[PDB]
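**Q** So that we are looking at the same thing, I have put the structure below in structure tokens.
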Amino acid sequence: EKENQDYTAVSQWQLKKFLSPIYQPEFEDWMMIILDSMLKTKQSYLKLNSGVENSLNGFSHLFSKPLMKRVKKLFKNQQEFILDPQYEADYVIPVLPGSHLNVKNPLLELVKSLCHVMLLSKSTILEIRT
Amino acid sequence: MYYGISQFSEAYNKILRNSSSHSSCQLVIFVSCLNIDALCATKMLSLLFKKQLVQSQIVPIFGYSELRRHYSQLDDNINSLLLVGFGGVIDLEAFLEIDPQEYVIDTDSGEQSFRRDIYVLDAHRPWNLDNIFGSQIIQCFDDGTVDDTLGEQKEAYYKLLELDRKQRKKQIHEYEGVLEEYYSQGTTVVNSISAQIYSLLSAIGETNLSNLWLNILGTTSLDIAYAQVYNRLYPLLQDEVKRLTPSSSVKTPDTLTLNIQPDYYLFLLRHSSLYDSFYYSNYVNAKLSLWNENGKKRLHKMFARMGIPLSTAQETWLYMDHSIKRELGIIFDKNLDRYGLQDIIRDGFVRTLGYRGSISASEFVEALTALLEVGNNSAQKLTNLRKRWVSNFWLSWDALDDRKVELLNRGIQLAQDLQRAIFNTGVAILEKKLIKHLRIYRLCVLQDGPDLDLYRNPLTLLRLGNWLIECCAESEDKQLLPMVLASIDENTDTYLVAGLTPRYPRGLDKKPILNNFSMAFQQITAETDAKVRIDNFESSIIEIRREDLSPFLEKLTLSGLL
């Protein structure tokens with residue numbers, strides 16, 4: 001019997017380990033942002049409606065505007081320090097026993113992973129596709 | 001400096017004193033393949049060594065690593081090496097790990113001799129100062145720019161090497177500043193290899209009509225991007241043609257003649273239609289802007305004004321009615337001034353023999369260039385592809401012979417097809433506006449298009465590049481800018497990047513512009529970890545991966561050495 005209900009957030013992505021070490025904590029950061037926006041959208045929809053698509057439709061209007069700017073800033077940082085030997089140690093790909101693919105752009109792989117975990121929604125797949 | 005022109009003959013004598021032996025082969029000529037000038041130069045050298053019986057091994061080389069592989073496997077019996085078309089920019093001791101201590105024989109008295117001679121026949125005017133001055137083993141066939149221009153650098157290098165506080169810093173840093181001002185300078189050509197070897201043949205006395213024709217081809221092949229060189233070397237060729245011509249006649253099957261006659265600045269005039277010659281010419285599309293539909297309308301309108309019907313103009317030149325082609329000079333003089341095509345009028349060299357037709361020098365060198373181009377896990381593909389262009393080079397060498405005119409006609413047809421592909425991809429670039437302005441250089445990246453597998457060849461990409469520079473040079477609204485031309489290869493998955501210098505319009509008549517892409521390419525390769533290939537003899541030709549292309553261009557536009 002708690003207003004916060006003693007909720008906790010669990011993130012157990014093994015997808016994060018197939019990324020460069022600079023780009024690993026940003027994946028968890030954006031997953032936390034996605035989770036918080038999804039809870040806020042679900043609460044707003046539930047409070048509005050109660051007084052095929054789920055409660056989660058339209059959740060990406062809350063955070064697409066920071067995300068486009070963040071991806072563009074990360075792209076500007078990407079086109080400077082990938083070939084520089086000082087910052088290349090953060091940009092390497094790790095070798096894992098499950099890995100079979102080869103990365104070509106780490107930011108492309110991060111954007112694909114984020115859009116694929118956002119793409120698992122069966123309801124708002126059109127908006128996530130846009 | 002080590003060989004001025006008046007002692008080229010002496011250098012050849014030294015070659016005889018190392019190679020005129022019937023028992024063994026001792027002379028190996030390293031030729032830069034994919035170059036018309038080196039091809040004609042090695043043809044004249046091979047004729048000269050065939051007439052005097054010198055054993056030879058002619059080896060075509062594409063890359064610098066290919067040079068290092070071929071020089072590493074050379075036998076110690078070889079004492080004469082000729083480097084044709086390359087070897088004038090890099091340091092050959094630092095590249096071929098050359099140390100004079102294990103190559104010296106009979107040092108005793110201030111005399112030094114070596115067991116191997118390496119001669120350089122290079123047209124790239126940035127000359128390495130160690131190579132030209134401090135090297136005994138590497139012998140340069142200099143045009144004469146060392147006696148006029150490179151004297152301050154000579155004394156700076158000599159007091160740098162001789163003298164191994166404020167006085168020492170004040171003179172040594174000044175001489176190093178002079179040397180580093182001579183270095184980091186762009187690449188240019190002012191003389192052809194064929195002219196230097198024909199000067200050697202004039203010094204010896206083995207000149208004839210065939211060597212003169214090969215010299216004419218070697219000089220004419222530089223008329224695309226180095227027209228000042230051709231305009232400088234034209235009166236010497238005129239004097240030689242009027243010297244070695246016979247007294248006079250009737251057309252007979254044995255009399256080869258080589259006339260100085262009007263040879264207009266057209267693509268394949270005597271082996272195609274007049275409509276296709278004006279339509280596929282770089283200068284005509286450069287001025288009248290034939291890439292859009294208005295240029296084609298203007299070309300048809302000037303065909304109406306010249307009085308040539310399109311049925312007659314599209315007919316083959318050999319089957320053309322000669323009421324059009326006999327007074328074509330008068331028609332050109334009367335009609336081309338209103339459309340701005342006055343510079344089509346140009347006197348060139350036309351050779352014919354027997355009854356098999358006339359060939360110009362320009363048509364012959366485009367046929368030879370086409371026979372270089374399309375004449376016939378990734379590292380195996382690159383090795384097979386380098387072997388393919390070496391086979392193309394030897395096919396073009398086979399086309400240089402008089403008895404193999406079928407190879408020449410195959411080269412003519414290949415030149416027509418390749419110019420059709422170049423025209424289609426050029427209007428593909430111009431219609432959708434892939435040329436981007438980057439305020440210091442102009443960028444053109446080919447991602448996809450018609451028959452993109454022809455652009456893994458260097459000279460085909462240079463043909464497209466010269467097409468773009470000629471088309472953009474006559475447009476005065478955008479000023480002179482260097483061009484980056486990148487073409488993608490999907491199977492190799494590499495962007496082959498070419499650096500193209502701009503040029504002034506052909507009608508104007510000064511100091512030639514330099515090629516500042518090699519300095520930036522070397523500095524970005526040194527500073528960054530880009531996996532790139534620098535091995536091409538033309539240093540503006542590099543290969544980048546697809547994923548490393550955009551950081552390379554960002555570091556290129558950040559660098560101010562363009």
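Going by the structure tokens order, chains are called A, B, ..., each with residues numbered from 1, while ligands are numbered from 1 in the order shown.
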With a distance cut-off of 12 Å and only C-alpha atoms, select the neighbouring residues of residue 554 (chain B), excluding the residue or stretch itself and same-chain residues fewer than 4 positions from it, and output the selection as a tab-separated table (two decimals) with C-alpha atoms, in the first residue's frame.
**A**
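Output saved as around-v8.tsv:
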chain	number	residue	atom	x	y	z
A	76	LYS	CA	29.21	15.31	-35.21
A	77	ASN	CA	31.36	13.72	-32.49
A	78	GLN	CA	31.46	10.53	-34.60
A	79	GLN	CA	32.91	12.27	-37.68
A	80	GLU	CA	35.80	13.76	-35.66
A	81	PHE	CA	37.26	11.16	-33.31
A	82	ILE	CA	36.80	7.76	-34.99
A	83	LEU	CA	40.09	7.96	-36.92
B	438	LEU	CA	32.86	22.92	-49.88
B	441	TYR	CA	37.30	22.20	-52.97
B	443	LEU	CA	33.25	17.24	-54.11
B	520	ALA	CA	47.12	16.55	-47.68
B	524	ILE	CA	46.04	12.78	-43.16
B	528	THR	CA	44.95	9.50	-38.74
B	548	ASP	CA	36.23	5.77	-43.46
B	549	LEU	CA	35.29	8.05	-46.38
B	550	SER	CA	33.41	10.83	-44.58
B	558	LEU	CA	39.74	20.88	-42.17
B	559	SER	CA	43.26	20.84	-43.64
B	560	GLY	CA	44.37	23.99	-45.43
**Q** Show me, as CSV, the residues of chain B having an atom within 7 Å of chain A, each with the closest atom pair and its distance in Å, using only C-alpha atoms.
**A**
residue,atom,partner,partner_atom,distance
B:528,CA,A:84,CA,5.4
B:529,CA,A:83,CA,5.3
B:530,CA,A:83,CA,6.4
B:547,CA,A:104,CA,6.4
B:551,CA,A:79,CA,5.2
**Q** So which residues touch region 18-26 of chain B within 7 Å, counting only C-alpha atoms, skipping near sequence neighbours fewer than 4 positions away, as a list in words?
**A**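 Neighbouring residues, sequence-local ones excluded: residues 14, 54, 55, 56, 77, 78, 79 and 80 of chain B.
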**Q** Using the selection just defined, write its residues with N, CA, C and O atoms as a tab-separated table (two decimals), in the first residue's frame.
**A**
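Output file result32.tsv follows:
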chain	number	residue	atom	x	y	z
B	14	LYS	N	77.07	4.56	-70.80
B	14	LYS	CA	77.26	3.85	-69.55
B	14	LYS	C	76.37	2.61	-69.50
B	14	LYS	O	76.82	1.54	-69.05
B	54	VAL	N	70.85	-4.93	-77.23
B	54	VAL	CA	70.96	-4.97	-75.78
B	54	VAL	C	69.85	-5.88	-75.25
B	54	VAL	O	68.68	-5.70	-75.61
B	55	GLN	N	70.22	-6.86	-74.43
B	55	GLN	CA	69.23	-7.70	-73.77
B	55	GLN	C	68.43	-6.86	-72.77
B	55	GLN	O	68.96	-5.96	-72.12
B	56	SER	N	67.14	-7.17	-72.66
B	56	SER	CA	66.26	-6.33	-71.87
B	56	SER	C	65.14	-7.16	-71.25
B	56	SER	O	64.78	-8.22	-71.76
B	77	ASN	N	72.75	-10.11	-60.65
B	77	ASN	CA	73.45	-9.97	-61.92
B	77	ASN	C	73.04	-8.70	-62.66
B	77	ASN	O	73.81	-8.19	-63.48
B	78	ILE	N	71.85	-8.18	-62.38
B	78	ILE	CA	71.36	-7.00	-63.08
B	78	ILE	C	72.09	-5.77	-62.57
B	78	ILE	O	72.15	-5.51	-61.36
B	79	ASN	N	72.67	-5.00	-63.50
B	79	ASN	CA	73.42	-3.81	-63.16
B	79	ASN	C	72.84	-2.52	-63.73
B	79	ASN	O	73.32	-1.44	-63.38
B	80	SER	N	71.84	-2.61	-64.61
B	80	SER	CA	71.23	-1.43	-65.20
B	80	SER	C	69.72	-1.49	-64.99
B	80	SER	O	69.08	-2.47	-65.37
**Q** So the first atom is CA of residue 288 (chain B) and the second is CA of residue 464 (chain B); what is the distance between them in Å, to one decimal place?
**A**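 Result for CA of residue 288 (chain B) versus CA of residue 464 (chain B): 18.3 Å, one decimal.
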**Q** If we count only C-alpha atoms, what is near residue 87 (chain B) at a cut-off of 7 Å, once residues fewer than 2 positions away on the same chain are taken out, given as a list in words?
**A** residues 83, 89, 90, 120 and 122 of chain B
**Q** Give me the residues within 10 Å of residue 336 (chain B) as JSON, numbers by chain, counting only C-alpha atoms and dropping any in the same chain fewer than 5 places off.
**A** {"B": [302, 305, 306, 331, 341, 342, 343, 344, 345]}
**Q** CA of residue 116 (chain B) and CA of residue 103 (chain B), how far apart in Å?
**A**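 Here the two named atoms are 7.2 Å from each other.
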**Q** Please identify all polymer residues within 12 Å of residue 33 (chain A), counting only C-alpha atoms, omitting same-chain residues fewer than 2 positions from it, and present them as a ChimeraX atom specification.
**A** /A:9,26-31,35-40,59-60,62-64,66-67,114,118
**Q** Any chance you can output those residues with N, CA, C and O atoms as a PDB file, in the first residue's frame?
**A**
ATOM      1  N   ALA A   9      13.386  -0.412 -11.493  1.00  0.00           N
ATOM      2  CA  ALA A   9      13.637  -0.546 -12.921  1.00  0.00           C
ATOM      3  C   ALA A   9      14.752  -1.554 -13.143  1.00  0.00           C
ATOM      4  O   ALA A   9      15.846  -1.411 -12.587  1.00  0.00           O
ATOM      5  N   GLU A  26      25.379   5.144 -22.828  1.00  0.00           N
ATOM      6  CA  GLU A  26      24.343   5.934 -23.488  1.00  0.00           C
ATOM      7  C   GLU A  26      23.150   5.079 -23.885  1.00  0.00           C
ATOM      8  O   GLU A  26      22.018   5.576 -23.914  1.00  0.00           O
ATOM      9  N   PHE A  27      23.386   3.800 -24.187  1.00  0.00           N
ATOM     10  CA  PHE A  27      22.292   2.871 -24.452  1.00  0.00           C
ATOM     11  C   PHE A  27      21.413   2.685 -23.221  1.00  0.00           C
ATOM     12  O   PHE A  27      20.180   2.708 -23.322  1.00  0.00           O
ATOM     13  N   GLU A  28      22.031   2.532 -22.046  1.00  0.00           N
ATOM     14  CA  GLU A  28      21.268   2.418 -20.806  1.00  0.00           C
ATOM     15  C   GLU A  28      20.571   3.728 -20.458  1.00  0.00           C
ATOM     16  O   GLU A  28      19.452   3.716 -19.928  1.00  0.00           O
ATOM     17  N   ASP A  29      21.222   4.860 -20.749  1.00  0.00           N
ATOM     18  CA  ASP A  29      20.621   6.174 -20.522  1.00  0.00           C
ATOM     19  C   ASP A  29      19.360   6.344 -21.365  1.00  0.00           C
ATOM     20  O   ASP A  29      18.307   6.758 -20.859  1.00  0.00           O
ATOM     21  N   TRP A  30      19.439   5.990 -22.649  1.00  0.00           N
ATOM     22  CA  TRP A  30      18.275   6.151 -23.509  1.00  0.00           C
ATOM     23  C   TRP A  30      17.208   5.108 -23.211  1.00  0.00           C
ATOM     24  O   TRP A  30      16.020   5.389 -23.387  1.00  0.00           O
ATOM     25  N   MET A  31      17.599   3.925 -22.728  1.00  0.00           N
ATOM     26  CA  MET A  31      16.602   2.953 -22.288  1.00  0.00           C
ATOM     27  C   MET A  31      15.862   3.443 -21.048  1.00  0.00           C
ATOM     28  O   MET A  31      14.651   3.228 -20.920  1.00  0.00           O
ATOM     29  N   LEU A  35      11.894   4.167 -20.886  1.00  0.00           N
ATOM     30  CA  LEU A  35      11.064   3.590 -19.830  1.00  0.00           C
ATOM     31  C   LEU A  35      10.276   4.659 -19.082  1.00  0.00           C
ATOM     32  O   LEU A  35       9.074   4.494 -18.844  1.00  0.00           O
ATOM     33  N   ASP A  36      10.930   5.770 -18.723  1.00  0.00           N
ATOM     34  CA  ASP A  36      10.244   6.826 -17.979  1.00  0.00           C
ATOM     35  C   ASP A  36       9.160   7.490 -18.821  1.00  0.00           C
ATOM     36  O   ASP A  36       8.060   7.773 -18.320  1.00  0.00           O
ATOM     37  N   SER A  37       9.435   7.700 -20.113  1.00  0.00           N
ATOM     38  CA  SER A  37       8.426   8.252 -21.010  1.00  0.00           C
ATOM     39  C   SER A  37       7.261   7.288 -21.199  1.00  0.00           C
ATOM     40  O   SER A  37       6.106   7.716 -21.300  1.00  0.00           O
ATOM     41  N   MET A  38       7.544   5.981 -21.227  1.00  0.00           N
ATOM     42  CA  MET A  38       6.483   4.993 -21.384  1.00  0.00           C
ATOM     43  C   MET A  38       5.581   4.928 -20.153  1.00  0.00           C
ATOM     44  O   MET A  38       4.354   4.837 -20.292  1.00  0.00           O
ATOM     45  N   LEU A  39       6.165   4.974 -18.946  1.00  0.00           N
ATOM     46  CA  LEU A  39       5.351   5.052 -17.728  1.00  0.00           C
ATOM     47  C   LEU A  39       4.516   6.325 -17.676  1.00  0.00           C
ATOM     48  O   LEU A  39       3.345   6.280 -17.276  1.00  0.00           O
ATOM     49  N   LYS A  40       5.096   7.466 -18.066  1.00  0.00           N
ATOM     50  CA  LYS A  40       4.339   8.715 -18.035  1.00  0.00           C
ATOM     51  C   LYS A  40       3.190   8.700 -19.040  1.00  0.00           C
ATOM     52  O   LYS A  40       2.074   9.135 -18.720  1.00  0.00           O
ATOM     53  N   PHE A  59       3.744   7.659 -27.330  1.00  0.00           N
ATOM     54  CA  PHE A  59       4.724   7.909 -26.281  1.00  0.00           C
ATOM     55  C   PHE A  59       5.995   8.559 -26.804  1.00  0.00           C
ATOM     56  O   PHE A  59       6.707   9.199 -26.024  1.00  0.00           O
ATOM     57  N   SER A  60       6.298   8.413 -28.091  1.00  0.00           N
ATOM     58  CA  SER A  60       7.557   8.912 -28.619  1.00  0.00           C
ATOM     59  C   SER A  60       7.506  10.382 -29.000  1.00  0.00           C
ATOM     60  O   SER A  60       8.536  10.939 -29.386  1.00  0.00           O
ATOM     61  N   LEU A  62       7.085  12.449 -26.700  1.00  0.00           N
ATOM     62  CA  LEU A  62       7.632  13.047 -25.490  1.00  0.00           C
ATOM     63  C   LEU A  62       9.137  13.271 -25.586  1.00  0.00           C
ATOM     64  O   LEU A  62       9.662  14.190 -24.947  1.00  0.00           O
ATOM     65  N   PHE A  63       9.851  12.455 -26.369  1.00  0.00           N
ATOM     66  CA  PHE A  63      11.308  12.497 -26.308  1.00  0.00           C
ATOM     67  C   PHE A  63      11.994  12.378 -27.668  1.00  0.00           C
ATOM     68  O   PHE A  63      13.212  12.169 -27.710  1.00  0.00           O
ATOM     69  N   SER A  64      11.266  12.502 -28.779  1.00  0.00           N
ATOM     70  CA  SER A  64      11.926  12.457 -30.082  1.00  0.00           C
ATOM     71  C   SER A  64      12.723  13.728 -30.344  1.00  0.00           C
ATOM     72  O   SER A  64      13.788  13.678 -30.972  1.00  0.00           O
ATOM     73  N   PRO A  66      14.466  15.744 -28.138  1.00  0.00           N
ATOM     74  CA  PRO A  66      15.856  15.646 -27.664  1.00  0.00           C
ATOM     75  C   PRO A  66      16.661  14.575 -28.376  1.00  0.00           C
ATOM     76  O   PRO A  66      17.882  14.720 -28.504  1.00  0.00           O
ATOM     77  N   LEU A  67      16.013  13.511 -28.858  1.00  0.00           N
ATOM     78  CA  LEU A  67      16.761  12.363 -29.366  1.00  0.00           C
ATOM     79  C   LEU A  67      17.353  12.657 -30.739  1.00  0.00           C
ATOM     80  O   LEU A  67      18.462  12.208 -31.047  1.00  0.00           O
ATOM     81  N   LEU A 114      18.454   0.744 -30.635  1.00  0.00           N
ATOM     82  CA  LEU A 114      17.418   1.549 -29.991  1.00  0.00           C
ATOM     83  C   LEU A 114      16.113   1.522 -30.776  1.00  0.00           C
ATOM     84  O   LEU A 114      15.036   1.357 -30.194  1.00  0.00           O
ATOM     85  N   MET A 118      12.606  -0.150 -29.537  1.00  0.00           N
ATOM     86  CA  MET A 118      11.387   0.638 -29.685  1.00  0.00           C
ATOM     87  C   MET A 118      10.447   0.060 -30.733  1.00  0.00           C
ATOM     88  O   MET A 118       9.250   0.367 -30.711  1.00  0.00           O
TER      89      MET A 118
END
